Amino acid sequence: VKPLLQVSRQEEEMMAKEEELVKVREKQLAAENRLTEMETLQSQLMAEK
Amino acid sequence: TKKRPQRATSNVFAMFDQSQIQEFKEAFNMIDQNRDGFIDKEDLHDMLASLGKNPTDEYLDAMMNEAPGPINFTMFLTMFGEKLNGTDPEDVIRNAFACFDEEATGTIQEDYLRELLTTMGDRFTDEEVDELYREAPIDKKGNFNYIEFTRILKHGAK
Amino acid sequence: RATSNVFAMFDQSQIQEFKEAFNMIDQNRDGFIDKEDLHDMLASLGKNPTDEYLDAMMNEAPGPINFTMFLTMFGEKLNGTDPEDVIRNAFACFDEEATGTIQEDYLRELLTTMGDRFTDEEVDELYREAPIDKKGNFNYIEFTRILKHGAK
Ligand SMILES: [Mg+2]
Ligand SMILES: [Mg+2]
């Protein structure tokens with residue numbers, strides 16, 4: 001019966017996913033900023049080559 | 001009182017998800033006025049007084065004609081499961097239609113759909129497909145995905 | 001056994017889950033399991049067969065079982081158990097590398113040697129249903145699910 005009554009459940013997974021979203025979003029923004037900085041520097045290395 | 005479709009509860013319990021069972025059983029809690037779970041005509045009449053007011057006695061009598069006297073939620077869930085037995089999931093039908101479609105996207109043209117439904121021994125008829133057209137989005141050739149059809153069938157977003 | 005207030009045995013969430021369970025499990029919803037309510041649920045959830053022999057256990061809780069009696073009969077067998085998180089944390093004292101596993105022989109040694117000792121027969125009786133690897137790994141993480149949410 002427990003899988004059925006386990007439907008009776010609290011909201012904590014949604015806020016945990018909200019935190020996961022925020023952490024991943026900030027990391028991906030940092031990664032893309034560093035990527036674009038490195039890419040512009042690489043284009044300057046092309047000019048120097 | 002009780003009646004027993006034992007095979008129906010067992011199978012349909014396995015067929016549904018705990019989330020879908022939550023939808024069904026919580027809806028049946030919404031029907032009942034009692035706190036024990038015994039649905040009966042007056043319970044449904046209070047639901048109708050909340051959503052779809054002033055029915056004739058014919059509505060509740062026809063419901064009782066389907067639902068054999070007072071009902072518990074497991075009997076109610078199996079009354080629904082009898083209608084639900086062999087319902088293909090909405091994800092499955094959307095993905096099948098996407099694989100069928102030559103645009104690989106799940107779109108369909110009005111006459112192409114009409115033929116596909118009707119043709120080579122398929123039992124559909126002109127009004128049978130016209131019923132689908134009235135359930136369809138605004139243009140019957142309108143490149144709409146089958147997400148709309150499953151949305152109106154399920155009345156749910158997932 | 002002891003006769004305290006029943007709530008002391010169970011956290012509010014656990015007794016709330018038992019209340020939900022009993023409201024589902026009582027079938028003619030008079031407030032009590034009778035033998036028909038039980039076999040109705042057993043057939044409805046389970047397969048086609050019905051086993052009236054189980055009536056020789058319904059009688060065990062005396063009279064038609066009120067929710068306080070239902071809770072009593074579950075709680076007196078359930079007592080002496082602890083949450084899933086503390087059982088995982090207990091296994092962590094032995095899985096020093098946190099592999100998520102203990103060796104079958106090493107867990108048998110740990111259980112048989114110390115504290116209030118298991119018999120090797122009791123260990124093998126766990127192993128007759130517990131998840132196990134032919135390579136020897138006891139994946140205790142799964143065992144904590146099987147001990148509370150599982151049993152197939
Ligand atoms: Mg009612
Ligand atoms: Mg009862």
# chains A, B, ... in the order shown; residues from 1 in each chain; ligands from 1
$ closest_atom_pairs --of "chain C" --to "ligand 2" --cutoff "12 Å" --atoms "only C-alpha atoms and all ligand atoms" --output "Markdown table"
| residue | atom | partner | partner_atom_place_in_ligand_line | distance |
| --- | --- | --- | --- | --- |
| C:22 | CA | ligand 2 | 1 (Mg) | 9.7 |
| C:23 | CA | ligand 2 | 1 (Mg) | 9.3 |
| C:24 | CA | ligand 2 | 1 (Mg) | 10.0 |
| C:25 | CA | ligand 2 | 1 (Mg) | 8.3 |
| C:26 | CA | ligand 2 | 1 (Mg) | 4.6 |
| C:27 | CA | ligand 2 | 1 (Mg) | 5.1 |
| C:28 | CA | ligand 2 | 1 (Mg) | 4.1 |
| C:29 | CA | ligand 2 | 1 (Mg) | 4.4 |
| C:30 | CA | ligand 2 | 1 (Mg) | 4.4 |
| C:31 | CA | ligand 2 | 1 (Mg) | 5.3 |
| C:32 | CA | ligand 2 | 1 (Mg) | 4.1 |
| C:33 | CA | ligand 2 | 1 (Mg) | 4.4 |
| C:34 | CA | ligand 2 | 1 (Mg) | 5.7 |
| C:35 | CA | ligand 2 | 1 (Mg) | 8.8 |
| C:36 | CA | ligand 2 | 1 (Mg) | 8.3 |
| C:37 | CA | ligand 2 | 1 (Mg) | 5.6 |
| C:38 | CA | ligand 2 | 1 (Mg) | 8.4 |
| C:39 | CA | ligand 2 | 1 (Mg) | 11.3 |
| C:40 | CA | ligand 2 | 1 (Mg) | 10.4 |
| C:41 | CA | ligand 2 | 1 (Mg) | 10.6 |
| C:64 | CA | ligand 2 | 1 (Mg) | 8.6 |
| C:65 | CA | ligand 2 | 1 (Mg) | 9.0 |
| C:66 | CA | ligand 2 | 1 (Mg) | 9.6 |
| C:67 | CA | ligand 2 | 1 (Mg) | 11.0 |
$ write_last_selection --atoms "N, CA, C and O atoms" --output "mmCIF file, in the first residue's frame"
data_model
loop_
_atom_site.group_PDB
_atom_site.id
_atom_site.type_symbol
_atom_site.label_atom_id
_atom_site.label_comp_id
_atom_site.auth_asym_id
_atom_site.auth_seq_id
_atom_site.Cartn_x
_atom_site.Cartn_y
_atom_site.Cartn_z
ATOM 1 N N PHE C 22 -4.447 3.179 7.015
ATOM 2 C CA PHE C 22 -5.646 2.567 7.574
ATOM 3 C C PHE C 22 -6.911 3.090 6.905
ATOM 4 O O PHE C 22 -7.883 2.339 6.749
ATOM 5 N N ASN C 23 -6.925 4.368 6.513
ATOM 6 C CA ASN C 23 -8.075 4.896 5.784
ATOM 7 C C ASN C 23 -8.196 4.266 4.397
ATOM 8 O O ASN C 23 -9.309 4.123 3.878
ATOM 9 N N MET C 24 -7.067 3.891 3.781
ATOM 10 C CA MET C 24 -7.125 3.122 2.534
ATOM 11 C C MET C 24 -7.486 1.655 2.789
ATOM 12 O O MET C 24 -8.315 1.081 2.072
ATOM 13 N N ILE C 25 -6.912 1.060 3.839
ATOM 14 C CA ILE C 25 -6.935 -0.382 4.080
ATOM 15 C C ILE C 25 -8.294 -0.835 4.615
ATOM 16 O O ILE C 25 -8.768 -1.924 4.275
ATOM 17 N N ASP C 26 -8.950 -0.025 5.450
ATOM 18 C CA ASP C 26 -10.345 -0.300 5.795
ATOM 19 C C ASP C 26 -11.201 -0.163 4.540
ATOM 20 O O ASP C 26 -11.181 0.882 3.885
ATOM 21 N N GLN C 27 -11.953 -1.213 4.192
ATOM 22 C CA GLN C 27 -12.540 -1.301 2.852
ATOM 23 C C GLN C 27 -14.034 -0.967 2.820
ATOM 24 O O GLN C 27 -14.440 -0.082 2.062
ATOM 25 N N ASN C 28 -14.868 -1.655 3.601
ATOM 26 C CA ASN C 28 -16.153 -1.078 4.002
ATOM 27 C C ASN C 28 -15.829 -0.088 5.114
ATOM 28 O O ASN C 28 -15.448 -0.498 6.212
ATOM 29 N N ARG C 29 -15.922 1.213 4.835
ATOM 30 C CA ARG C 29 -15.224 2.198 5.668
ATOM 31 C C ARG C 29 -16.065 2.603 6.884
ATOM 32 O O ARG C 29 -16.414 3.762 7.123
ATOM 33 N N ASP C 30 -16.334 1.565 7.681
ATOM 34 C CA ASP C 30 -16.989 1.595 8.981
ATOM 35 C C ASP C 30 -16.061 2.044 10.105
ATOM 36 O O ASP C 30 -16.541 2.332 11.207
ATOM 37 N N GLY C 31 -14.754 2.112 9.846
ATOM 38 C CA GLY C 31 -13.758 2.403 10.857
ATOM 39 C C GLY C 31 -12.979 1.202 11.352
ATOM 40 O O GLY C 31 -12.139 1.360 12.248
ATOM 41 N N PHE C 32 -13.222 0.013 10.793
ATOM 42 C CA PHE C 32 -12.652 -1.235 11.286
ATOM 43 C C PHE C 32 -12.389 -2.197 10.131
ATOM 44 O O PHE C 32 -13.231 -2.355 9.244
ATOM 45 N N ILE C 33 -11.231 -2.855 10.155
ATOM 46 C CA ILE C 33 -11.042 -4.047 9.331
ATOM 47 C C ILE C 33 -11.940 -5.149 9.888
ATOM 48 O O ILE C 33 -11.897 -5.446 11.088
ATOM 49 N N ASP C 34 -12.814 -5.703 9.044
ATOM 50 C CA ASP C 34 -13.345 -7.048 9.256
ATOM 51 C C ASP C 34 -12.708 -7.963 8.211
ATOM 52 O O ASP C 34 -11.941 -7.504 7.362
ATOM 53 N N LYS C 35 -12.963 -9.275 8.303
ATOM 54 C CA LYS C 35 -12.207 -10.200 7.454
ATOM 55 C C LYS C 35 -12.505 -9.973 5.976
ATOM 56 O O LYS C 35 -11.621 -10.156 5.127
ATOM 57 N N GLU C 36 -13.734 -9.566 5.651
ATOM 58 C CA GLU C 36 -14.067 -9.239 4.269
ATOM 59 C C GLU C 36 -13.312 -8.004 3.797
ATOM 60 O O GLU C 36 -12.812 -7.978 2.671
ATOM 61 N N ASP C 37 -13.230 -6.966 4.637
ATOM 62 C CA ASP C 37 -12.458 -5.776 4.284
ATOM 63 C C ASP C 37 -11.010 -6.142 3.965
ATOM 64 O O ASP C 37 -10.430 -5.664 2.975
ATOM 65 N N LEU C 38 -10.439 -7.054 4.755
ATOM 66 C CA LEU C 38 -9.068 -7.500 4.537
ATOM 67 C C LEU C 38 -8.925 -8.278 3.233
ATOM 68 O O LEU C 38 -8.050 -7.970 2.421
ATOM 69 N N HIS C 39 -9.746 -9.316 3.028
ATOM 70 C CA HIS C 39 -9.577 -10.133 1.824
ATOM 71 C C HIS C 39 -9.942 -9.361 0.569
ATOM 72 O O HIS C 39 -9.368 -9.604 -0.497
ATOM 73 N N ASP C 40 -10.875 -8.422 0.689
ATOM 74 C CA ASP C 40 -11.184 -7.500 -0.390
ATOM 75 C C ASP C 40 -9.953 -6.692 -0.778
ATOM 76 O O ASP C 40 -9.601 -6.620 -1.959
ATOM 77 N N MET C 41 -9.269 -6.092 0.204
ATOM 78 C CA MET C 41 -8.041 -5.365 -0.127
ATOM 79 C C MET C 41 -6.971 -6.301 -0.686
ATOM 80 O O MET C 41 -6.305 -5.972 -1.673
ATOM 81 N N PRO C 64 -12.887 -5.969 16.532
ATOM 82 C CA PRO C 64 -12.686 -5.188 15.297
ATOM 83 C C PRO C 64 -11.716 -4.039 15.553
ATOM 84 O O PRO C 64 -11.889 -3.275 16.504
ATOM 85 N N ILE C 65 -10.698 -3.907 14.701
ATOM 86 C CA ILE C 65 -9.546 -3.067 15.036
ATOM 87 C C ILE C 65 -9.827 -1.596 14.704
ATOM 88 O O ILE C 65 -9.973 -1.215 13.540
ATOM 89 N N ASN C 66 -9.924 -0.776 15.755
ATOM 90 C CA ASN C 66 -9.898 0.686 15.727
ATOM 91 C C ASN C 66 -8.517 1.168 15.268
ATOM 92 O O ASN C 66 -7.551 0.401 15.250
ATOM 93 N N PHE C 67 -8.415 2.453 14.893
ATOM 94 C CA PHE C 67 -7.121 2.960 14.425
ATOM 95 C C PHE C 67 -6.052 2.864 15.513
ATOM 96 O O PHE C 67 -4.883 2.592 15.215
#
$ interface_residues --of "chain B" --to "chain A" --cutoff "8 Å" --atoms "only C-alpha atoms" --output "VMD selection string"
chain B and resid 18 to 19 21 to 22
$ atom_distance --atom1 "atom CA of residue 136 of chain C" --atom2 "atom CA of residue 102 of chain C"
8.3 Å
$ residues_near_ligand --ligand "ligand 1" --cutoff "9 Å" --atoms "only C-alpha atoms and all ligand atoms" --output "list in words"
residues 29, 31, 32, 33, 34, 35, 36, 37, 38, 39, 40, 41, 42, 43, 44, 70, 71 and 72 of chain B
$ residues_around --residues "segment 128-130 of chain C" --least-positions-apart "2" --cutoff "8 Å" --atoms "only C-alpha atoms" --output "list in words"
residues 124, 125, 126, 132, 143 and 146 of chain C
$ write_last_selection --atoms "N, CA and C atoms" --output "tab-separated table (two decimals), in the first residue's frame"
chain	number	residue	atom	x	y	z
C	124	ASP	N	22.32	-15.79	6.81
C	124	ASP	CA	21.93	-16.43	5.56
C	124	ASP	C	20.45	-16.22	5.25
C	125	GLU	N	19.61	-16.08	6.29
C	125	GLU	CA	18.19	-15.79	6.07
C	125	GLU	C	17.97	-14.36	5.59
C	126	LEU	N	18.82	-13.41	5.99
C	126	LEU	CA	18.83	-12.12	5.30
C	126	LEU	C	19.22	-12.30	3.83
C	132	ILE	N	22.23	-8.92	-3.66
C	132	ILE	CA	23.59	-9.45	-3.54
C	132	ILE	C	24.23	-9.56	-4.92
C	143	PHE	N	19.92	-2.37	0.15
C	143	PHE	CA	19.33	-3.08	1.29
C	143	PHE	C	18.54	-2.14	2.18
C	146	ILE	N	15.20	-1.84	0.48
C	146	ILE	CA	14.46	-3.10	0.55
C	146	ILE	C	13.89	-3.32	1.95
$ interface_residues --of "chain B" --to "chain C" --cutoff "10 Å" --atoms "only C-alpha atoms" --output "number ranges by chain"
B: 1-14, 35-38, 71-75
$ write_last_selection --atoms "C-alpha atoms" --output "PDB file, in the first residue's frame"
ATOM      1  CA  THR B   1     -21.894  -1.851   0.820  1.00  0.00           C
ATOM      2  CA  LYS B   2     -19.447  -3.328  -1.730  1.00  0.00           C
ATOM      3  CA  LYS B   3     -18.915  -4.857  -5.187  1.00  0.00           C
ATOM      4  CA  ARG B   4     -15.598  -6.367  -6.388  1.00  0.00           C
ATOM      5  CA  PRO B   5     -13.667  -6.113  -9.700  1.00  0.00           C
ATOM      6  CA  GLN B   6     -10.530  -7.635  -8.113  1.00  0.00           C
ATOM      7  CA  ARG B   7      -8.671  -8.073 -11.432  1.00  0.00           C
ATOM      8  CA  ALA B   8      -9.443  -4.445 -12.319  1.00  0.00           C
ATOM      9  CA  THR B   9      -7.938  -2.849  -9.210  1.00  0.00           C
ATOM     10  CA  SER B  10      -4.846  -5.062  -9.350  1.00  0.00           C
ATOM     11  CA  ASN B  11      -4.093  -4.509 -13.045  1.00  0.00           C
ATOM     12  CA  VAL B  12      -5.099  -0.841 -13.237  1.00  0.00           C
ATOM     13  CA  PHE B  13      -3.133  -0.060 -10.051  1.00  0.00           C
ATOM     14  CA  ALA B  14      -0.095  -1.429 -11.872  1.00  0.00           C
ATOM     15  CA  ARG B  35     -14.989  11.778   5.472  1.00  0.00           C
ATOM     16  CA  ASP B  36     -15.097   7.973   5.158  1.00  0.00           C
ATOM     17  CA  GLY B  37     -15.064   8.111   1.340  1.00  0.00           C
ATOM     18  CA  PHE B  38     -18.598   6.888   0.531  1.00  0.00           C
ATOM     19  CA  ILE B  71     -19.364   3.788  -3.947  1.00  0.00           C
ATOM     20  CA  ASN B  72     -15.932   3.707  -2.331  1.00  0.00           C
ATOM     21  CA  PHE B  73     -12.943   5.298  -4.048  1.00  0.00           C
ATOM     22  CA  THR B  74     -11.422   1.931  -5.032  1.00  0.00           C
ATOM     23  CA  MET B  75     -14.711   0.987  -6.722  1.00  0.00           C
TER      24      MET B  75
END
$ select_by_dssp --residues "chain C" --states "strand (DSSP E)" --output "MDAnalysis selection string"
chainID C and resid 102:103 137:138
$ write_last_selection --atoms "N, CA, C and O atoms" --output "PDB file, in the first residue's frame"
ATOM      1  N   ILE C 102      29.651  -3.742   1.275  1.00  0.00           N
ATOM      2  CA  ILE C 102      30.478  -4.549   2.165  1.00  0.00           C
ATOM      3  C   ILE C 102      30.554  -5.938   1.545  1.00  0.00           C
ATOM      4  O   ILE C 102      29.643  -6.358   0.825  1.00  0.00           O
ATOM      5  N   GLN C 103      31.654  -6.647   1.784  1.00  0.00           N
ATOM      6  CA  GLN C 103      31.733  -8.006   1.266  1.00  0.00           C
ATOM      7  C   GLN C 103      30.767  -8.921   2.021  1.00  0.00           C
ATOM      8  O   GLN C 103      30.494  -8.728   3.208  1.00  0.00           O
ATOM      9  N   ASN C 137      29.930  -8.331  -3.548  1.00  0.00           N
ATOM     10  CA  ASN C 137      29.543  -7.035  -2.999  1.00  0.00           C
ATOM     11  C   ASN C 137      28.114  -7.072  -2.463  1.00  0.00           C
ATOM     12  O   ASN C 137      27.170  -7.372  -3.202  1.00  0.00           O
ATOM     13  N   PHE C 138      27.962  -6.767  -1.175  1.00  0.00           N
ATOM     14  CA  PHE C 138      26.667  -6.476  -0.558  1.00  0.00           C
ATOM     15  C   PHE C 138      26.404  -4.987  -0.753  1.00  0.00           C
ATOM     16  O   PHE C 138      26.981  -4.152  -0.056  1.00  0.00           O
TER      17      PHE C 138
END
$ interface_residues --of "chain C" --to "chain A" --cutoff "8 Å" --atoms "only C-alpha atoms" --output "PDB file with N, CA and C atoms, in the first residue's frame"
ATOM      1  N   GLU C  17       1.263   8.698   8.287  1.00  0.00           N
ATOM      2  CA  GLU C  17       1.290   7.725   7.203  1.00  0.00           C
ATOM      3  C   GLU C  17       0.484   6.479   7.558  1.00  0.00           C
ATOM      4  N   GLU C  20      -3.216   7.441   7.085  1.00  0.00           N
ATOM      5  CA  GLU C  20      -3.520   7.332   5.660  1.00  0.00           C
ATOM      6  C   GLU C  20      -3.671   5.870   5.239  1.00  0.00           C
ATOM      7  N   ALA C  21      -2.726   5.023   5.662  1.00  0.00           N
ATOM      8  CA  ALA C  21      -2.759   3.604   5.320  1.00  0.00           C
ATOM      9  C   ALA C  21      -4.060   2.961   5.758  1.00  0.00           C
ATOM     10  N   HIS C 149      11.044   0.476   2.024  1.00  0.00           N
ATOM     11  CA  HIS C 149      10.153   0.790   0.908  1.00  0.00           C
ATOM     12  C   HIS C 149       9.892  -0.401  -0.018  1.00  0.00           C
TER      13      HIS C 149
END
$ select_by_dssp --residues "segment 7-79 of chain B" --states "helix (DSSP H, G or I)" --output "JSON list (two decimals) with N, CA and C atoms, in the first residue's frame"
[["chain", "number", "residue", "atom", "x", "y", "z"],
["B", 7, "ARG", "N", -9.62, -8.14, -10.32],
["B", 7, "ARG", "CA", -8.67, -8.07, -11.43],
["B", 7, "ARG", "C", -8.46, -6.64, -11.91],
["B", 8, "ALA", "N", -9.51, -5.81, -11.82],
["B", 8, "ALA", "CA", -9.44, -4.45, -12.32],
["B", 8, "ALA", "C", -8.57, -3.57, -11.43],
["B", 9, "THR", "N", -8.82, -3.59, -10.11],
["B", 9, "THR", "CA", -7.94, -2.85, -9.21],
["B", 9, "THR", "C", -6.50, -3.30, -9.37],
["B", 10, "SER", "N", -6.24, -4.61, -9.30],
["B", 10, "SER", "CA", -4.85, -5.06, -9.35],
["B", 10, "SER", "C", -4.15, -4.58, -10.62],
["B", 11, "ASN", "N", -4.72, -4.89, -11.79],
["B", 11, "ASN", "CA", -4.09, -4.51, -13.05],
["B", 11, "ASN", "C", -3.99, -2.99, -13.17],
["B", 12, "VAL", "N", -5.09, -2.27, -12.97],
["B", 12, "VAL", "CA", -5.10, -0.84, -13.24],
["B", 12, "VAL", "C", -4.24, -0.08, -12.22],
["B", 13, "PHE", "N", -4.13, -0.58, -10.98],
["B", 13, "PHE", "CA", -3.13, -0.06, -10.05],
["B", 13, "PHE", "C", -1.74, -0.17, -10.65],
["B", 14, "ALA", "N", -1.42, -1.32, -11.25],
["B", 14, "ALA", "CA", -0.10, -1.43, -11.87],
["B", 14, "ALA", "C", 0.02, -0.56, -13.13],
["B", 15, "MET", "N", -1.09, -0.36, -13.85],
["B", 15, "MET", "CA", -1.07, 0.39, -15.10],
["B", 15, "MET", "C", -0.80, 1.87, -14.85],
["B", 18, "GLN", "N", 1.78, 6.39, -9.65],
["B", 18, "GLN", "CA", 1.35, 6.92, -8.36],
["B", 18, "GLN", "C", 0.87, 8.36, -8.48],
["B", 19, "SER", "N", 1.47, 9.14, -9.39],
["B", 19, "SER", "CA", 0.98, 10.50, -9.64],
["B", 19, "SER", "C", -0.42, 10.48, -10.25],
["B", 20, "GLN", "N", -0.64, 9.63, -11.26],
["B", 20, "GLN", "CA", -1.96, 9.54, -11.88],
["B", 20, "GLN", "C", -3.00, 8.99, -10.91],
["B", 21, "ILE", "N", -2.61, 8.00, -10.10],
["B", 21, "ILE", "CA", -3.49, 7.50, -9.04],
["B", 21, "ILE", "C", -3.80, 8.61, -8.05],
["B", 22, "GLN", "N", -2.82, 9.48, -7.78],
["B", 22, "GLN", "CA", -3.07, 10.62, -6.91],
["B", 22, "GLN", "C", -4.14, 11.53, -7.51],
["B", 23, "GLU", "N", -4.03, 11.82, -8.81],
["B", 23, "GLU", "CA", -5.06, 12.62, -9.47],
["B", 23, "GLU", "C", -6.43, 11.96, -9.34],
["B", 24, "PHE", "N", -6.52, 10.67, -9.68],
["B", 24, "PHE", "CA", -7.82, 9.99, -9.64],
["B", 24, "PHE", "C", -8.40, 9.97, -8.23],
["B", 25, "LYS", "N", -7.63, 9.48, -7.26],
["B", 25, "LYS", "CA", -8.14, 9.30, -5.91],
["B", 25, "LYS", "C", -8.43, 10.64, -5.24],
["B", 26, "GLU", "N", -7.60, 11.66, -5.48],
["B", 26, "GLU", "CA", -7.90, 12.97, -4.91],
["B", 26, "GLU", "C", -9.14, 13.58, -5.56],
["B", 27, "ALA", "N", -9.34, 13.37, -6.87],
["B", 27, "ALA", "CA", -10.59, 13.79, -7.49],
["B", 27, "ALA", "C", -11.78, 13.11, -6.82],
["B", 28, "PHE", "N", -11.65, 11.82, -6.52],
["B", 28, "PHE", "CA", -12.77, 11.10, -5.91],
["B", 28, "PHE", "C", -13.00, 11.57, -4.47],
["B", 29, "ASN", "N", -11.94, 11.98, -3.78],
["B", 29, "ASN", "CA", -12.10, 12.69, -2.51],
["B", 29, "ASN", "C", -12.84, 14.01, -2.72],
["B", 30, "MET", "N", -12.59, 14.70, -3.84],
["B", 30, "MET", "CA", -13.33, 15.92, -4.13],
["B", 30, "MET", "C", -14.81, 15.64, -4.35],
["B", 31, "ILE", "N", -15.15, 14.47, -4.90],
["B", 31, "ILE", "CA", -16.56, 14.12, -5.08],
["B", 31, "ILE", "C", -17.25, 13.98, -3.72],
["B", 41, "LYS", "N", -25.15, 9.85, -4.56],
["B", 41, "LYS", "CA", -25.73, 10.86, -5.44],
["B", 41, "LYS", "C", -25.64, 12.27, -4.86],
["B", 42, "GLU", "N", -25.91, 12.42, -3.56],
["B", 42, "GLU", "CA", -25.86, 13.74, -2.94],
["B", 42, "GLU", "C", -24.44, 14.31, -2.94],
["B", 43, "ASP", "N", -23.43, 13.44, -2.81],
["B", 43, "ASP", "CA", -22.04, 13.88, -2.90],
["B", 43, "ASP", "C", -21.74, 14.49, -4.27],
["B", 44, "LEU", "N", -22.09, 13.77, -5.34],
["B", 44, "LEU", "CA", -21.88, 14.30, -6.67],
["B", 44, "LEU", "C", -22.71, 15.56, -6.91],
["B", 45, "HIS", "N", -23.90, 15.64, -6.31],
["B", 45, "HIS", "CA", -24.71, 16.85, -6.48],
["B", 45, "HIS", "C", -24.05, 18.06, -5.83],
["B", 46, "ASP", "N", -23.36, 17.87, -4.70],
["B", 46, "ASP", "CA", -22.60, 18.98, -4.11],
["B", 46, "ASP", "C", -21.41, 19.37, -4.99],
["B", 47, "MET", "N", -20.74, 18.38, -5.60],
["B", 47, "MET", "CA", -19.69, 18.73, -6.56],
["B", 47, "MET", "C", -20.25, 19.52, -7.74],
["B", 48, "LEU", "N", -21.39, 19.08, -8.28],
["B", 48, "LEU", "CA", -22.02, 19.78, -9.39],
["B", 48, "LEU", "C", -22.49, 21.18, -8.98],
["B", 49, "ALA", "N", -22.95, 21.33, -7.73],
["B", 49, "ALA", "CA", -23.27, 22.65, -7.20],
["B", 49, "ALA", "C", -22.04, 23.53, -7.06],
["B", 50, "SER", "N", -20.85, 22.93, -6.97],
["B", 50, "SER", "CA", -19.60, 23.67, -7.02],
["B", 50, "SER", "C", -19.10, 23.91, -8.45],
["B", 57, "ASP", "N", -32.48, 15.32, -12.20],
["B", 57, "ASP", "CA", -32.32, 14.04, -11.52],
["B", 57, "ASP", "C", -31.80, 12.96, -12.46],
["B", 58, "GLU", "N", -31.99, 13.15, -13.77],
["B", 58, "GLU", "CA", -31.52, 12.19, -14.76],
["B", 58, "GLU", "C", -30.01, 12.01, -14.69],
["B", 59, "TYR", "N", -29.26, 13.08, -14.40],
["B", 59, "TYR", "CA", -27.81, 12.97, -14.33],
["B", 59, "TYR", "C", -27.38, 12.03, -13.20],
["B", 60, "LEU", "N", -27.90, 12.27, -12.00],
["B", 60, "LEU", "CA", -27.51, 11.48, -10.84],
["B", 60, "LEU", "C", -28.04, 10.05, -10.94],
["B", 61, "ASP", "N", -29.25, 9.89, -11.48],
["B", 61, "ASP", "CA", -29.79, 8.55, -11.67],
["B", 61, "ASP", "C", -28.99, 7.77, -12.70],
["B", 62, "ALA", "N", -28.56, 8.42, -13.79],
["B", 62, "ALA", "CA", -27.73, 7.73, -14.77],
["B", 62, "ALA", "C", -26.37, 7.37, -14.18],
["B", 63, "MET", "N", -25.79, 8.27, -13.38],
["B", 63, "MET", "CA", -24.55, 7.94, -12.69],
["B", 63, "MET", "C", -24.73, 6.71, -11.81],
["B", 64, "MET", "N", -25.79, 6.69, -10.99],
["B", 64, "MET", "CA", -26.07, 5.52, -10.16],
["B", 64, "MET", "C", -26.32, 4.28, -11.00],
["B", 65, "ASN", "N", -26.88, 4.45, -12.20],
["B", 65, "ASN", "CA", -27.07, 3.32, -13.10],
["B", 65, "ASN", "C", -25.73, 2.75, -13.54],
["B", 66, "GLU", "N", -24.73, 3.61, -13.73],
["B", 66, "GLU", "CA", -23.37, 3.11, -13.92],
["B", 66, "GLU", "C", -22.76, 2.66, -12.60],
["B", 73, "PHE", "N", -13.87, 4.77, -3.05],
["B", 73, "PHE", "CA", -12.94, 5.30, -4.05],
["B", 73, "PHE", "C", -12.23, 4.20, -4.83],
["B", 74, "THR", "N", -12.04, 3.00, -4.25],
["B", 74, "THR", "CA", -11.42, 1.93, -5.03],
["B", 74, "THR", "C", -12.39, 1.41, -6.09],
["B", 75, "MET", "N", -13.68, 1.31, -5.74],
["B", 75, "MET", "CA", -14.71, 0.99, -6.72],
["B", 75, "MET", "C", -14.86, 2.10, -7.76],
["B", 76, "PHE", "N", -14.76, 3.36, -7.34],
["B", 76, "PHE", "CA", -14.81, 4.48, -8.27],
["B", 76, "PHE", "C", -13.63, 4.45, -9.23],
["B", 77, "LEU", "N", -12.43, 4.22, -8.68],
["B", 77, "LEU", "CA", -11.22, 4.14, -9.49],
["B", 77, "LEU", "C", -11.30, 3.01, -10.49],
["B", 78, "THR", "N", -11.93, 1.89, -10.12],
["B", 78, "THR", "CA", -12.12, 0.81, -11.09],
["B", 78, "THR", "C", -13.24, 1.09, -12.08],
["B", 79, "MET", "N", -14.27, 1.83, -11.68],
["B", 79, "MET", "CA", -15.27, 2.27, -12.65],
["B", 79, "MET", "C", -14.61, 3.12, -13.73]]
$ atom_distance --atom1 "atom CA of residue 82 of chain B" --atom2 "atom CA of residue 150 of chain B"
20.0 Å
$ atom_distance --atom1 "atom CA of residue 9 of chain C" --atom2 "atom CA of residue 147 of chain C"
18.6 Å
$ decode --residues "segment 22-27 of chain A" --atoms "N, CA, C and O atoms" --output "compact mmCIF listing (two decimals), in the first residue's frame"
# COMPACT_ATOMS: atom_id res chain seq x y z
N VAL A 22 19.52 27.14 -9.73
CA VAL A 22 20.28 28.37 -9.52
C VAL A 22 21.78 28.09 -9.58
O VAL A 22 22.54 28.80 -10.24
N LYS A 23 22.22 27.04 -8.88
CA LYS A 23 23.64 26.72 -8.84
C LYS A 23 24.17 26.40 -10.24
O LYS A 23 25.22 26.92 -10.65
N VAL A 24 23.43 25.58 -10.99
CA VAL A 24 23.84 25.23 -12.34
C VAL A 24 23.83 26.45 -13.25
O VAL A 24 24.73 26.62 -14.08
N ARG A 25 22.82 27.31 -13.12
CA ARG A 25 22.72 28.49 -13.96
C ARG A 25 23.91 29.42 -13.74
O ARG A 25 24.52 29.91 -14.70
N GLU A 26 24.27 29.66 -12.48
CA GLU A 26 25.40 30.54 -12.21
C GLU A 26 26.70 29.93 -12.70
O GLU A 26 27.55 30.64 -13.27
N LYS A 27 26.88 28.62 -12.51
CA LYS A 27 28.09 27.97 -13.02
C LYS A 27 28.15 28.05 -14.54
O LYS A 27 29.22 28.30 -15.11
